[PDB]
Amino acid sequence: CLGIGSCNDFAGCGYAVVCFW
């Protein structure tokens with residue numbers, strides 16, 4: 001849940017660098 005540009009943090013909330021999916 002931040003505004004970067006690789007994958008998603010926790011189900012629709014925002015972005016992630018370390019990919020949960």
# chains A, B, ... in the order shown; residues from 1 in each chain; ligands from 1
>>> residues_around(residues="residue A:15", least_positions_apart="6", cutoff="6 Å", atoms="only C-alpha atoms", output="PyMOL selection string")
chain A and resi 1-4+7-9
>>> select_by_dssp(residues="chain A", states="strand (DSSP E or B)", output="list in words")
residues 2, 7, 15 and 16 of chain A
